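Here Cβ is always computed from backbone atoms with ideal geometry, including for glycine, and neighbour counts include all displayed protein chains. Numbers and lists here come from the model and the stated rules, or from a named source; no laboratory read-out is quoted.
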Amino acid sequence: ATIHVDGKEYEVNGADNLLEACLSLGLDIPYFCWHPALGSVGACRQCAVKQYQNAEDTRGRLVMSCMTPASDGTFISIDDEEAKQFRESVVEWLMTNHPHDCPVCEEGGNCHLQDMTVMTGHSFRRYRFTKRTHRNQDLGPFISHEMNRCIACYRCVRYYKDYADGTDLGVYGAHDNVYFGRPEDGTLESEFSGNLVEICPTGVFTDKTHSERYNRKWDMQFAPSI
Amino acid sequence: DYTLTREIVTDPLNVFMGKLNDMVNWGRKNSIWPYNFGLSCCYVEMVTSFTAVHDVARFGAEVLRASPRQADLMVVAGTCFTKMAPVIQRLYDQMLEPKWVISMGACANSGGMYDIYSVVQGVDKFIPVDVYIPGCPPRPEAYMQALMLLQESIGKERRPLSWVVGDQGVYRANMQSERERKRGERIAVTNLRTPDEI
Amino acid sequence: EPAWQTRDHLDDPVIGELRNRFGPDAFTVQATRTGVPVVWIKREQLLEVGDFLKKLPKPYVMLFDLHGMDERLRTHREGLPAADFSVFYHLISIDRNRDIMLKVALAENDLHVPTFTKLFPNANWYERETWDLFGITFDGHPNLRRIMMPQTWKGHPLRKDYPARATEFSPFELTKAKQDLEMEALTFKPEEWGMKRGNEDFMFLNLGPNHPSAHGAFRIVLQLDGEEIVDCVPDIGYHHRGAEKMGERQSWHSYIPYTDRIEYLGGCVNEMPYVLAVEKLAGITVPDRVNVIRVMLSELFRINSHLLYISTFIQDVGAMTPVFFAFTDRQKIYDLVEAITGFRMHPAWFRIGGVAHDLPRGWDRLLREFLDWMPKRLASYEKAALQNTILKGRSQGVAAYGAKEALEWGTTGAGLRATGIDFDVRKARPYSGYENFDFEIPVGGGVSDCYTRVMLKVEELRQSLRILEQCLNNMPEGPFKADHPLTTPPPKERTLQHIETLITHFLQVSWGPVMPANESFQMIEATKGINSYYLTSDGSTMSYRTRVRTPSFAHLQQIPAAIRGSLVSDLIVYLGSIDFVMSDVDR
Amino acid sequence: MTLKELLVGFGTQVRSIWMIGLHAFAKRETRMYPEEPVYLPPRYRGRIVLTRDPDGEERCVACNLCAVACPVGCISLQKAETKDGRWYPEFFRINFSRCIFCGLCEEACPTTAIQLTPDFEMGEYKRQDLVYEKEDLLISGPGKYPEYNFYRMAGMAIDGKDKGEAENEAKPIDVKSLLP
Ligand code: SF4
Ligand code: SF4
Ligand code: SF4
Ligand code: SF4
Ligand code: SF4
Ligand code: FES
């Protein structure tokens, strides 16, 4: 397939969507709800790019790159001004309820939400009202729960239920009061519940064993082991 | 408590020999002659201390000899570069007993910010050091405070009065650190001026 | 169009001239944010291109810079030739008020370039440093030796595979180097140093590693006929701190304290071109209050450095009194700088997009007191020392040169303008809002003597006092930091209460700010000459290459060409009249 | 030399004699250290301390931003936690033989705990005693920032501050609430 991103021609796979095709080419599009192992559901509305009907088109429309296929002869723009403003607006809406928690959060320096906040160029807050609060649950000795940091990207429920076939983690409530977790306090019953600490782009589900003796990612000595 | 250089050995100090050692120590602290050695920024603050606004001369340390044989104190004020370290060692070996060392600034203390291929990580790697000043650079009054610290360390050290009699080893007192000495008044600090004013 | 935008400079006349001369297929134009045309030239056409530029109607007459780049790890080289290494030649045309950067691509195995010393004599030390730090061999060089490291050094430290950290200290190599130092005089031969006919009449005298003055500690070996210096080669590298390797080793924000200590009498002056180049890389246009604050700090530090230079020159001639009062004036300057930035000599106060804090309440009172203090002390020092006959006799007519010698050796600052060339960076290529200040550029008659350079620095002192008066009287009200997302750090109160600003601060102080992959350049008029930063970014949070061009390197290279045939005392007053520091030379 | 040059030289030397004598008849500009204490501005970058909140607890939350913002790498700390959930440093050590007193750690603190204070008198006899630990840095008050409390800003629950008790935070609404 042939796509044109910002006037540059690329050869992609027509069976992929535009987000995974453009991320495979090294282009940077912010995203939250899409995962390579989970698929595209179009929740966070963050991966917006401007699609044009043909080469001689100037108007276009904002579409989700994760929901739009990477078909042949597809003209899109990532660095368009309207798309950039919309992505910064999505980060701004996610920043309205987010707690002032980065120093005391175990995802600091390892946070996908921090990365996409910086990448969108959003560093000014014109929101002056209150932020919603949630009480935490006890998820057992491995996963620490902090629901204030959630951005409702639905990755945890999608992985835990649709991928890992777990039953004890879900989504409750409606509007901006959506809550993610167990119906009551107790240990997460899945054998693959620890992948939530990397599935969650925020610091909601965190490693409690690492949180006991915590240090940031830049302070680690890593090795490739088995 | 003292330590020996020819181990930890107690204080040996007849009263006339004690008064003679006291007056030798007094004359040695009240007349300390630094060596005019320049390495880097910290030497600029050293010669700042020698000038009129600060007036090191009140301590009797303005004589500032240009030959190491005539100097009592070596102030390593700057970075110990790899090429300059043999020069520093030769200059220190040209000195005569007694000779003390004041390390000025982070570079001469530990290498400072310059953990780099061409810098020796501290002047204490190859020559013994008596006083250390943190700073980059230390202000001239910090160098003055180190001069008084060296005076205190000098005034209760034991050296032979002559080579014809007595013990010929040197005794340097294990001084109480300034950190644990000043911890009583440093922790009691409660409020400081806000940085928005002059 | 903003001044930091990526441009290829194809409308510049030199590109069309090169196209009409060598053909369109002979070179490649690279679009950067350096502000100069960057042309990739083939290696076998380098001498022809350089001579063609030297023979232009308004020719490129000065080699500003010459160094290398290790391009093995550069992941973003789109539109660039295939190169394991590269060598860049920055040439400046004063008549055109223009400059051009030529780049020669090199493979790993074939790491040799033709020498540039036949066109520009400062290529000697520049290519010596390029060979020392990158291992690039220049064919036809008279003496290609290591200039920063000792001759018994294994490896080239600016290569990407060299370890930046300090190696473990061992007393064995220290003792070996001490034995070599003691045996250096008896085992001396002039053939390695580049001298000849050591005749049975000339003596060879070393000026000692340690030197008792604020200029630093370095060695110069002299070939003498009686008391006349017939040849000399300066031995430098004793003050090498690996600052460029630290630029590759530190983030964009954390390298500012290392920018401070490049020339330690400059402070904010050395801070200025680095933060301007990073703001070019970031696409940051700083507001006017930031510009006026930076200009005020730069002029305060310029006055400090010039006061030190004049006082040290007066002391080196033989009058030791006025350096004390000059240091009292420097203490007044230090009082103001302490109040504003919190430190005396290395403030580390300029930020990417602004300054670390706002101006404290009471800065204007201290500035007014200092501005009332300065002129009477300046007149007192001038009448007490600078108009006295003995210092004039010791300084006038010593190590003079014309405009051609300054141009061919890359001499900048007070010497170049003493030769009658009115080239100041603050006027020719304005930066930091220097076009909104009413000040003059003092010049000379055509001969750059010691006394002429000293009086030019005195007139620069007076002009900087005028600029400081303009900064005091017209200080704009507004932000002390830019409104850009890449302002590092973000303003502190919004960091302390807004989550997105806390996120930006968290990711900028920890990993570092991400500068998109480009090349930027900034040239400023420093306290001792013309100081430039050349920054290559590969898209990461650290600099891929940090090249620092310092004027003191060029002046110490010009030293043997101007002192040849003079006396030893003439050499020491020439050393006192250059306004250099060894940290500026060796970096 | 010529007679005019000699007379001009003698005049300049006599003028220098008179000006140095008039400098002698002037007023001293020497600060009487240590008898006269050095005035330092409030933002002077001297000795580093760790400060407390107005409530009396230490302000540091062991977030390791100052350690990574240090260009020398002379800050070492480890995060411990109380039973109520409050982060704090288990230890905090600074190698003051390495520190360049540049204030990037104070610039990087999101709680304004680490602070460079106007104090320079820090000379030491042994280099091992230039490694200040938490017992040598933590002071009894807030220092240069007298009112800022990070945990009032944060949404994490600690002792004496539950969910919805932070500033600009609403009370938590349960998903089981009857309101639409
Ligand atoms: S989840 Fe991310 S943005 Fe939220 S407090 Fe933690 S590090 Fe900060
Ligand atoms: S808890 Fe994490 S993974 Fe789940 S929706 Fe919220 S931000 Fe996404
Ligand atoms: S400690 Fe700082 S001021 Fe002193 S020599 Fe080193 S870089 Fe210069
Ligand atoms: S002042 Fe600078 S060198 Fe010292 S601990 Fe803080 S960041 Fe590190
Ligand atoms: S930046 Fe402040 S809160 Fe964070 S670890 Fe350092 S002193 Fe503690
Ligand atoms: S990644 Fe496409 S909407 Fe979430």
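State yes or no: is A:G166 more than 12 Å from chain D (Cβ to nearest Cβ), closer than 19 Å to C:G512 by Cα and away from ligand 5 (no atom under 16 Å from the Cβ)? Steps first, answer last, please.
Numbers: more than 12 Å from chain D (Cβ to nearest Cβ): yes; closer than 19 Å to C:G512 by Cα: no; away from ligand 5 (no atom under 16 Å from the Cβ): yes.
In short, no.
Please find, among B:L91, B:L96, the residue that is away from ligand 1 (no atom under 16 Å from the Cβ) and outside any helix (DSSP H, G or I).
Selected residue: B:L96, the only one of B:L91, B:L96 that is away from ligand 1 (no atom under 16 Å from the Cβ) and outside any helix (DSSP H, G or I).
Residues that are touching a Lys or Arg at 6+ places or on another chain (Cβ under 9 Å), of a type outside the set (A, V, I, L, M) and more than 30 Å from C:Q223 (Cβ to Cβ): list the helices (runs of 4 or more DSSP H) wholly contained in region C:483-580 that include at least 2 such residues.
Filter on region C:483-580 gives C:492-497, C:499-509.
Sort through C:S577, C:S569 and tell me the only one that's surrounded by 23 or more Cβ atoms within 10 Å (Cβ to Cβ), over 20 Å from C:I256 (Cα atoms) and in the same structural domain as C:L307 (by CATH).
Within the list C:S577, C:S569, the selection yields C:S577.
Within region D:119-129, how many residues turn out to be facing chain B (nearest Cβ under 7 Å), of a type outside the set (F, W, Y) and part of a loop (DSSP other than H, G, I, E, B)?
4
Residues that are among the β-branched types (V, I, T) and within 16 Å of ligand 5 (Cβ to nearest atom): which strands (runs of 3 or more DSSP E) entirely in region D:4-112 hold 2 or more of them?
D:48-50
So how many residues does region B:121-146 have that are surrounded by 23 or more Cβ atoms within 10 Å (Cβ to Cβ) and either of a type outside the set (F, W, Y) or more than 16 Å from ligand 3 (Cβ to nearest atom) (or both)?
Restricting attention to region B:121-146, the residues satisfying the condition of being surrounded by 23 or more Cβ atoms within 10 Å (Cβ to Cβ) are B:122-123, B:131-140, B:142-144, B:146.
Imposing the further condition that a residue be either of a type outside the set (F, W, Y) or more than 16 Å from ligand 3 (Cβ to nearest atom) (or both) reduces the set to B:122-123, B:131, B:133-140, B:142, B:144, B:146.
Matching residues across region B:121-146 total 14.
Of the residues C:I390, C:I333, which is away from chain B (no Cβ under 13 Å), of a type in the set (A, V, I, L, M, F, W, C) and either surrounded by fewer than 24 Cβ atoms within 10 Å (Cβ to Cβ) or in contact with a helix residue (DSSP H, G or I) (Cβ under 9 Å, 6 or more places away or on another chain) (or both)? Talk me through it step by step, then tell me what you get.
Working: C:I333 fails: away from chain B (no Cβ under 13 Å).
One residue alone meets the criteria, C:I390.
Of all residues in region B:1-54, which are within 14 Å of chain C (Cβ to nearest Cβ) and of a type in the set (G, A, S)?
Listed by number, the residues that qualify are B:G38, B:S40, B:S49, B:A52.
Between a residue in region B:113-125 that is closer than 13 Å to C:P171 by Cα and any residue that is away from ligand 3 (no atom under 12 Å from the Cβ) and not in a loop (DSSP other than H, G, I, E, B), which pairs come within a Cβ distance under 8 Å, given they are 6 or more apart or on different chains?
Filtered contacts from region B:113-125: B:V120/B:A85; B:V123/B:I88; B:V123/B:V101; B:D124/D:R127.
What pairs can you find where one residue is in region A:186-211 and under 13 Å from A:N110 (Cα atoms) and within 14 Å of chain D (Cβ to nearest Cβ), the other is in a loop (DSSP other than H, G, I, E, B) and within 16 Å of ligand 5 (Cβ to nearest atom), and their Cβ atoms are less than 6 Å apart, with a gap of 6+ or different chains?
So the pair list comes out as A:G203/A:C105; A:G203/A:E106; A:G203/A:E107; A:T206/A:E106.
Name the residue that is farthest from ligand 1 (Cβ to nearest atom), counting only residues in region A:7-55 that are within 14 Å of the chain's Cα centre (by Cα) and of a type in the set (V, I, T).
Here the residue is A:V41.
Residues that are under 27 Å from C:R429 (Cβ atoms): list the strands (runs of 3 or more DSSP E) wholly contained in region C:12-122 that include at least 2 such residues.
Numbers: elements: C:27-30, C:38-41, C:62-70, C:85-93, C:98-106, C:112-114.
In region C:12-122, the matching strands (runs of 3 or more DSSP E) lie at C:27-30, C:38-41, C:62-70, C:85-93, C:98-106.
Looking at region D:136-149, can you tell me whether even one residue there is within 28 Å of B:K125 (Cβ to Cβ) and outside any loop (DSSP other than H, G, I, E, B)?
We begin by selecting, within region D:136-149, every residue within 28 Å of B:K125 (Cβ to Cβ); these are D:136-137.
Those left that are additionally outside any loop (DSSP other than H, G, I, E, B): D:136-137.
Taking every residue of region D:136-149 in turn, at least one turns out to be within 28 Å of B:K125 (Cβ to Cβ) and outside any loop (DSSP other than H, G, I, E, B).
Given (1) within 30 Å of C:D161 (Cβ to Cβ); (2) more than 16 Å from ligand 4 (Cβ to nearest atom), identify the lone condition not met by B:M144.
(1)
Quick one: in region D:78-110, which of the residues that are aliphatic (A, V, I, L, M) and more than 9 Å from chain A (Cβ to nearest Cβ) is farthest from ligand 3 (Cβ to nearest atom)?
Taking the candidates together, the pick is D:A108.
May I ask you to verify whether B:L192 is in contact with a strand residue (DSSP E or B) (Cβ under 7 Å, 6 or more places away or on another chain), facing another protein chain (nearest Cβ under 7 Å) and farther than 30 Å from D:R59 by Cα?
no
Of all residues in region D:35-70 being at the interface with another protein chain (Cβ under 7 Å from one of its Cβ atoms), closer than 21 Å to C:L502 by Cα and of a type outside the set (G, A, S), which is nearest to ligand 1 (Cβ to nearest atom)?
The selected residue is D:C63.
With the requirement that a residue be more than 8 Å from chain D (Cβ to nearest Cβ) and either assigned to a helix (DSSP H, G or I) or at positive phi (or both), what does region B:141-181 give you? Break it down into steps so the answer makes sense when it comes.
From region B:141-181, those more than 8 Å from chain D (Cβ to nearest Cβ) are B:143, B:147, B:150-152, B:154-174, B:176, B:181; that's our starting set.
Correct list: B:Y143, B:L147, B:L150, B:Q151, B:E152, B:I154, B:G155, B:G166, B:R181.
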